[PDB]
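No lab work stands behind these numbers, since they all come straight from the coordinates. Heads up, the Cβs are rebuilt from the backbone with ideal geometry, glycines too, and the neighbour counts pull from every protein chain shown.
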Amino acid sequence: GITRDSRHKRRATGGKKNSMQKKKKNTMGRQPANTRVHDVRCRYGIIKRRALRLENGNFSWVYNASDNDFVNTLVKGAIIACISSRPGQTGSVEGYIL
Amino acid sequence: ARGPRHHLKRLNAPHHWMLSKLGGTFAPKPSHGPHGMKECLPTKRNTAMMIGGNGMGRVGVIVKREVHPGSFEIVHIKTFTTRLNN
Amino acid sequence: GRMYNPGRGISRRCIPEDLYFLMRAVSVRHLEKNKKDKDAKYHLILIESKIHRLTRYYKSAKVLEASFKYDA
Amino acid sequence: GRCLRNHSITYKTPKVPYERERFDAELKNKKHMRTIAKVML
Amino acid sequence: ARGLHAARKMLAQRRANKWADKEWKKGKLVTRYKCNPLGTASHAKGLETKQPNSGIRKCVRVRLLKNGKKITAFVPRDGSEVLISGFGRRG
Amino acid sequence: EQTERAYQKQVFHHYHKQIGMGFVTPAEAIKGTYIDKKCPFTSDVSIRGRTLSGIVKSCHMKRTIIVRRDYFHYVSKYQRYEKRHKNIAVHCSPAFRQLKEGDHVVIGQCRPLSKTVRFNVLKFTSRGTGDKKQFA
Amino acid sequence: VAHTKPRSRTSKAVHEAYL
Amino acid sequence: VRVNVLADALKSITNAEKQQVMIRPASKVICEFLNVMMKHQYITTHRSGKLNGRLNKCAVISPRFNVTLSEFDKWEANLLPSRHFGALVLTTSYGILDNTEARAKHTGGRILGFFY
RNA sequence: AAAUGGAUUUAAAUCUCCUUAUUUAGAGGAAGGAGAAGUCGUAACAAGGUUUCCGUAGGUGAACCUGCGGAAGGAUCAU
RNA sequence: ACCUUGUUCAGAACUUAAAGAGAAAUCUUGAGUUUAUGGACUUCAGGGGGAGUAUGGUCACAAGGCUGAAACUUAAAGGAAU
RNA sequence: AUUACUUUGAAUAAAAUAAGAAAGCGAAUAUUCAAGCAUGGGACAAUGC
RNA sequence: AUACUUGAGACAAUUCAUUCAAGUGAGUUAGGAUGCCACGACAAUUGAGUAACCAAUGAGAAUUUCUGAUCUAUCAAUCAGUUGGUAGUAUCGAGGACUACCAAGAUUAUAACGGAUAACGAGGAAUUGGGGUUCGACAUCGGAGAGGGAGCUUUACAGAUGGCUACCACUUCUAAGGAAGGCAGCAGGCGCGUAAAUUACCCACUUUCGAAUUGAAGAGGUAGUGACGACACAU
Ligand SMILES: NC[C@@H]1O[C@H](O[C@H]2[C@@H](O)[C@H](O[C@@H]3[C@@H](O)[C@H](N)C[C@H](N)[C@H]3O[C@H]3O[C@H](CO)[C@@H](O)[C@H](O)[C@H]3N)O[C@@H]2CO)[C@H](N)[C@@H](O)[C@@H]1O
């Protein structure tokens, strides 16, 4: 479904690119499972730990810089302490005390 | 290509394998291992040895070694010039 | 030869400001009372192009700062 | 291309079809290095 | 222009002047695909003289299978689906 | 510099490295307070093989400028050249402040930084003023 | 006198300046 | 307007020899062009100051085409009356020479003109 | 862990206005070209019998004619 | 000052040429210095018709101007001199 | 000071081209330009100083 | 069961926060240390097999830097995710690839944007005194496609179609309830057109795949038609 190639974008001059092929699997995108833990079989057989939702979290010693709407999704750099891991990729929430 | 290639064409085979152009449509594909496809075989192409460019098959001793931080470095041998990897 | 006329004079000294003196441009812009003088109007354009050629030259020589723009 | 085997032409017909000074001189049937010499000279 | 850096104009100048060529233009603009009864093809299957010569030229009218246009065709010899292939002069 | 929604921070936090083949880290890079993740000298972006130059065409973009290159294209038939130009967007770190339109800049190739930006300013030389002192 | 840097090092600029 | 002094100079020489000659503007290329034409014997004012039956025609070539060493054969075959008579004039990295020493100095460059 | 419900994503297929190419069209037509001997005139080529031609305007079965201004490619290199 | 002479420039021309050029008429202050082919730049032309016509675009109140084909047709059309 | 230019190299799939009855098979076999890299030169050039 | 698991003989690599820090033109870099999380063995294997990690194969795959394409102005202005910035998401991974906020930016007469092709590109071919003009689907390299789009599965690699799913358009069997299929693979039939061959045999060459020296291969070789062409050669 979601592709990540630049065959559908325009040029620096504003030109519209013309199709010469179809969507190829190497440009796969995936639906962003927002972390409000699953596993995804990525390319080359490695596994991605998709944390659908999660509440506990390791930390070491209320605001989203990107989208205020996210304020209770869990993303990197979110303030709750500031999350430092990628929960949607690694599958766990690791953060640090501000 | 959907995946890694397996067959090999006679024409596409490396030159120094000395394969003819009419013997057969295909050439033996070298398996992966300690030596590359174009650096192995399944002057006619300290003292050193040239394994790479035009100097392949030449023996001799180095005089000096210019270095260019941009791209590569050059080795001069008793005289002919070539890159380090050769 | 001459810049605009086809005359080719060679009057010269023989060794053994100018932009200011071309604004002639004001002294004919005379066109107020004589609105039918098409000879003056054609010669007004010629003198103006002399200014812009000199204006463009002095800027690149840094004689004039490049904000200069002669108007009426 | 069409074939891996090589081929060549072993003759060339003359430019002018009919010229008497050639019909007599040439008379089973009527079926390189000079330039090579030239290029080095 | 003749100077060493004026390769843009002479390249541009030649492209413009080529269109004056009657023979060259006929082979590039779109008439060999809509105005030529033969198209670009060699043959085509289908179904009184000038002032100082007197007589009658026997001829034939033919409707082409593909285009459908009607053309006048000569008969080859004395006393002589049809295949038609041009004449000595091209077009 | 903390004028955005996130607490901007450096890349190697505990910083200034130096670029490679015969370059000098500009003075403003060390003492400057600017936080730039794409700065060649104060980040983890490097300069690989290619290295070009040109004049700066536009200095309106935020932390980015446009370099213009002029060259020639020999044409076989006429044995003559024709003037040609190519414009490339180059990321410019705040380590250069006096940089303005019309200056000559040595650039280097880095990793893809945007849809069009793929290069980084390395060393700049100023020129005469083109009547408009337009800076980054 | 360098190989043929600013115009303050060129020959007739410096050899006049030397003069 | 006067674009090339060399072009004006050589046309002044040819018309005189066809009919001494005078060249009003003198450059660094005009004179040292003649030193080639004099070592082949063909020739005996604060403002860029101002013939023996042998010169046939001397002319310049419009824009000075860079000449490779391999390209020498094409230019001589075009601009020279034979393979033994004329002489090109080349401006190269080692001064203004002709097709003889520029073939021996092992260099190429731009072409000025010729003389038969 | 199967049927099934629901919400996203990607979206075939279809409908409505609008953007390029290819085709059918009669009153209504309107041009051009080609074909020995068909009509009406004399327009041009001689000063072609009103010198010719160009622009423009008007009239006229048709060539064309007339007015204004040019040109000689004029029938004057000349008082 | 006006007229008579010399000298050197600018301008409109004219006369001769056994020379140069051209197909020739002619040109010579170029239409010379061009197959011994290159001083700088711009514009235009590609057998004769169809045709400065159609379509399209645009300017004008209009007449019209500017830009401008193709189908098809034909062995000549044309130049200077005898 | 760069660039252009120029000289050498490096590096450069085969087939084919040319080359050491059409064919076939180890040629130094040389290409193969437009770019790009290194290099000796700075006469003619362009860019600011 | 070397299918699927648990289980022990005892680590390896992921994330995170801090710190010490030598190659390379160039790294808070390989690497070491501290605490945490995650994952967790070398088949409970068979007469060779297996897990995790490191390196090579790998100049390879994939993205990407620079330069280079035919005709057209009766195409002159074009672009709003458009150009950049921050922060996240998603990805094997860079990046407006995407989402939220911020800015007004990007290209163009050195031809942008748009239009046409009877346009797959290159190595090459035809012809040439030099210069050039025309062709290149088609041996080999790269690209793209499997009637048209689209969405997926499995895997190390596919947006696979001699795999699936739905729609459009067709093809086929049917006991009438239902059912499959994708020749632009090799032969071969129609239609089209001026214009193009056998419904042949075999893995013996070259090579590939497989639990493997054996099996298979319309790849490949052999045979058939074959005044496309080329070389020698009767009368
Ligand atoms: N070419 C188109 C135009 O034709 C016009 O006229 C055309 C006709 O009106 C003219 O006709 C001529 C006629 O003038 C003359 N007085 C008598 C002659 N018989 C006719 O002749 C014409 O028509 C006859 C009809 O049978 C044909 O056979 C003959 O071939 C043809 N030339 O001949 C021309 C050709 O058809 C103009 N004459 C001409 O200038 C213009 O170009």
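Out of all the residues in the stretch C:8-25, which are loosely packed, with under 10 Cβ neighbours inside 10 Å and either more than 30 Å from H:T45 (Cα to Cα) or touching a helix residue (DSSP H, G or I) at 6+ places or on another chain (Cβ under 6 Å) (or both)?
Our first condition is that a residue be loosely packed, with under 10 Cβ neighbours inside 10 Å; within the stretch C:8-25, this holds for C:8-18, C:20-21.
Within the stretch C:8-25, C:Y20, C:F21 meet the criteria.
Within the stretch D:1-28, residues that are on the phi < 0 side of the Ramachandran plot have Cβ atoms under 7 Å from residues that are assigned to a loop (DSSP other than H, G, I, E, B) in these pairs: D:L4/B:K21; D:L4/B:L22; D:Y11/D:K31; D:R22/D:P14, counting only partners at least 6 apart in sequence or on another chain.
Just one of the numbered conditions (1) away from chain E (no Cβ under 14 Å); (2) away from RNA strand L (no atom under 16 Å from the Cβ); (3) surrounded by 12 or more Cβ atoms within 10 Å (Cβ to Cβ) is not true of H:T44: (3). When B:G70, B:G36, B:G52 are checked against the criterion of being away from every other protein chain (no Cβ under 14 Å), surrounded by 10 or more Cβ atoms within 10 Å (Cβ to Cβ) and away from RNA strand I (no atom under 16 Å from the Cβ), B:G52 stands alone in meeting it.
Those strands (runs of 3 or more DSSP E) of the stretch F:2-115 in which 2 or more residues are within 14 Å of chain E (Cβ to nearest Cβ) and within 30 Å of E:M10 (Cα to Cα) occupy F:64-72, F:83-91. Quick check, is C:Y4 closer than 30 Å to F:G128 by Cα and within 14 Å of the chain's Cα centre (by Cα)? Judged against the criteria, C:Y4 is not a match. I'd like to check something: does the stretch F:74-82 contain any residue that is exposed (fewer than 13 other Cβ atoms within 10 Å of the Cβ), of a type in the set (S, T, N, Q) and within 24 Å of F:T129 (Cβ to Cβ)? No; the residues of the stretch F:74-82 include none that is exposed (fewer than 13 other Cβ atoms within 10 Å of the Cβ), of a type in the set (S, T, N, Q) and within 24 Å of F:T129 (Cβ to Cβ). Out of the residues in the stretch F:5-36 that are surrounded by fewer than 15 Cβ atoms within 10 Å (Cβ to Cβ) and closer than 18 Å to F:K62 by Cβ, state the one that is nearest to the chain's Cα centre (by Cα). Within the stretch F:5-36, the match that is nearest to the chain's Cα centre (by Cα) is F:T33.
Confirm whether C:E48 is part of a loop (DSSP other than H, G, I, E, B) and acidic (D, E). It would help to see each step written out before you state the result.
Values: part of a loop (DSSP other than H, G, I, E, B): no; acidic (D, E): yes.
It is false that C:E48 is part of a loop (DSSP other than H, G, I, E, B) and acidic (D, E).
Condition check ((1) under 30 Å from C:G1 (Cα atoms); (2) more than 15 Å from the chain's Cα centre (by Cα)) across all residues:
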residue: H:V29; (1), (2): yes, no
residue: H:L34; (1), (2): no, no
residue: H:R47; (1), (2): yes, yes
residue: H:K50; (1), (2): yes, yes
residue: H:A59; (1), (2): yes, no
residue: H:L80; (1), (2): no, no
residue: H:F85; (1), (2): no, no
residue: H:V89; (1), (2): no, no
residue: H:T107; (1), (2): no, yes
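Only one of the numbered conditions (1) more than 30 Å from D:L4 (Cα to Cα); (2) more than 14 Å from chain F (Cβ to nearest Cβ) is not met by B:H15, and that is (1).
One line per residue, one yes/no per condition, for (1) within 26 Å of F:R48 (Cα to Cα); (2) polar (S, T, N, Q):
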{"site": "F:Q79", "(1), (2)": "no, yes"}
{"site": "F:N87", "(1), (2)": "yes, yes"}
{"site": "F:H91", "(1), (2)": "yes, no"}
{"site": "F:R97", "(1), (2)": "yes, no"}
{"site": "F:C110", "(1), (2)": "yes, no"}
{"site": "F:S114", "(1), (2)": "yes, yes"}
{"site": "F:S126", "(1), (2)": "yes, yes"}
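Okay, residues lined up against (1) more than 20 Å from H:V29 (Cβ to Cβ); (2) surrounded by fewer than 18 Cβ atoms within 10 Å (Cβ to Cβ):
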{"site": "H:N66", "(1), (2)": "no, yes"}
{"site": "H:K74", "(1), (2)": "yes, yes"}
{"site": "H:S82", "(1), (2)": "yes, yes"}
{"site": "H:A87", "(1), (2)": "no, no"}
{"site": "H:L90", "(1), (2)": "no, no"}
{"site": "H:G95", "(1), (2)": "no, yes"}
{"site": "H:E101", "(1), (2)": "no, yes"}
{"site": "H:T107", "(1), (2)": "no, yes"}
{"site": "H:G113", "(1), (2)": "no, no"}
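The set of residues in the stretch C:45-71 being surrounded by 15 or more Cβ atoms within 10 Å (Cβ to Cβ) and under 15 Å from C:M23 (Cβ atoms) consists of C:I47, C:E48, C:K50, C:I51, C:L54, C:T55, C:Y58, C:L64. Here C:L19 clears all of (1) part of a loop (DSSP other than H, G, I, E, B); (2) among the aliphatic types (A, V, I, L, M); (3) in contact with a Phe, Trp or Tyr (Cβ under 7 Å, 6 or more places away or on another chain) except the condition numbered (1).
Out of the residues in the stretch A:9-38 that are more than 6 Å from RNA strand L (Cβ to nearest atom) and surrounded by 11 or more Cβ atoms within 10 Å (Cβ to Cβ), state the one that is farthest from the chain's Cα centre (by Cα). Residue satisfying both the conditions and the ranking: A:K17.
Okay, residues lined up against (1) surrounded by fewer than 11 Cβ atoms within 10 Å (Cβ to Cβ); (2) in contact with a strand residue (DSSP E or B) (Cβ under 6 Å, 6 or more places away or on another chain):
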{"position": "E:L11", "(1), (2)": "no, no"}
{"position": "E:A20", "(1), (2)": "yes, no"}
{"position": "E:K34", "(1), (2)": "yes, no"}
{"position": "E:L38", "(1), (2)": "no, yes"}
{"position": "E:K45", "(1), (2)": "no, yes"}
{"position": "E:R77", "(1), (2)": "yes, no"}
{"position": "E:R89", "(1), (2)": "yes, no"}
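Picking from residues in the stretch E:29-60 that are of a type in the set (D, E, K, R) and either over 13 Å from the mean Cα position of the chain (by Cα) or not in a loop (DSSP other than H, G, I, E, B) (or both), the one that is farthest from RNA strand I (Cβ to nearest atom) is E:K45.
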